[PDB]
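Listed next as structure tokens is one chain, alone, in the form deposited in one PDB entry.
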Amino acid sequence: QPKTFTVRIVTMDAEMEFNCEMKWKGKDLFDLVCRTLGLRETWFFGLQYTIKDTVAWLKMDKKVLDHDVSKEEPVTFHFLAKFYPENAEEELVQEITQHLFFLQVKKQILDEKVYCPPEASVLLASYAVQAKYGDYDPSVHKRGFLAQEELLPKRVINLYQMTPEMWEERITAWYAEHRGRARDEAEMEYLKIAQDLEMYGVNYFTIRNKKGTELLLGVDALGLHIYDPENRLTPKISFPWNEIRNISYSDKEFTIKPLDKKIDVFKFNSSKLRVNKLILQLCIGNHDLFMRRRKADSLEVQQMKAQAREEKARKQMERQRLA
């Protein structure tokens, strides 16, 4: 007989309970979760618990129990995108994948984790209700239907010169134009707009230089960024993954070694053995996807993009040759 314990897996819309074996590893669990979800573009996600201070990602090598995760049943893990694509419309094939990104980012926008200007958030909110509510209908969708709904982040609505349900018009004006858009199509549209945001998909970290000046570290799909803590939108310097050769780390200091030794050598301190772990994990991660993007698609990927090419034209031929 196989002995086991229970776990809860929360997604941006679901919550699952599972029977993870005692001696099971991070990978074993993860995969179980990816399968029941029907998600195969796994490389973007990972499961995450949280102590209270530094947060963590389930390691595919260690036993799920060995991770210093709160052991009270049901053990909780949040299924989330750890990595972000440089171009969603080209890198997210599965609607499932797209969906999980759509909802996650939406929350990041709404809770103001990622800065979004007024006009944009309005456009965004307009795509969100097209996915949720479907095509517009002046009759069914009477004024006020978007009263209390959490559509724009709390900062733009507090842009005083405009009133609560006035915003409802601004959004309803766009939504009207979205007629004919599929739930998943509207979600992708939301993403296109989102990719472009200055704070989109960037991991922020607190680090300081060898002289003691407080800076900000940015780890993302594009490279390694050094920011002025008073400006999260625009980096002072940027180190693309293809421009860097190596990233050493001794004691408590990272030392970005750029290729072209004729250029430079940057360095910075940060002390928290866990964050410094996160930073590293994230580095190799973004480093490979970045590289894989540049190169030819793996059979695993090229097959997916094909399935989509065939199950799109299919829906298209059986729609025309059926009317």
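So that there is no doubt, residue numbering starts at 1 and follows the sequence shown.
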Checklist line | Stretch with the greater mean C-alpha B-factor as recorded in the entry, comparing 6 to 14 against 307 to 315 | finding: 307 to 315
Next item on the list: Look over 255 to 263 and 277 to 285 in the entry and identify the one with the greater average Cα temperature factor.
Entry: 255 to 263
Check: Between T76, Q161, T97, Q130, which one tops the list for C-alpha B-factor in the PDB entry?
Finding: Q161
Next item on the list: Between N242, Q148, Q195, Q108, let me know which has the highest C-alpha B-factor in the entry?
Entry: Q148
Checklist line | Ranked C-alpha temperature factor of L216 among modelled chain residues, by third | finding: middle
Notebook entry, point to check: With respect to C-alpha B-factor, does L222 fall in the lowest, middle or highest third of the chain as deposited?
Noted result: lowest
Next item on the list: Please rank the C-alpha B-factors of the chain's modelled residues and tell me whether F268 sits in the lowest, middle or highest third.
Entry: highest
Check: What third of the chain, by the recorded C-alpha B-factor, contains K82?
Finding: lowest
Margin query: Quick check on the deposited entry: does the C-alpha B-factor of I171 sit in the lowest, middle or highest third of its chain?
Written below: middle
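The same protein also has a form solved in complex with a partner chain, omitted here; what follows describes it.
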Checklist line | Partner-facing stretch of 130 to 138, 164 to 172, 82 to 90, 95 to 103, counted where any non-hydrogen atom is within 4.5 angstroms of the partner chain in the deposited complex | finding: 164 to 172
Check: So which of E73, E119, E214, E150 gets a non-hydrogen atom within 4.5 Å of the partner chain in the deposited complex?
Finding: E119
Item checked: Of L146, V114, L123, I226, the one that lies within 4.5 Å of the partner chain in the deposited complex (heavy atoms) -> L123
Notebook entry, point to check: in the deposited complex, does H78 have a heavy atom within 4.5 Å of the partner chain?
Noted result: no
Margin query: Within 4.5 Å, heavy atoms only: does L159 come near the partner chain in the deposited complex?
Written below: yes
Item checked: Non-hydrogen atom contact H178 with the partner chain in the deposited complex at 4.5 angstroms -> yes
Next item on the list: Answer for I193 alone: is it within 4.5 Å of the partner chain in the deposited complex, judged on heavy atom distances?
Entry: yes
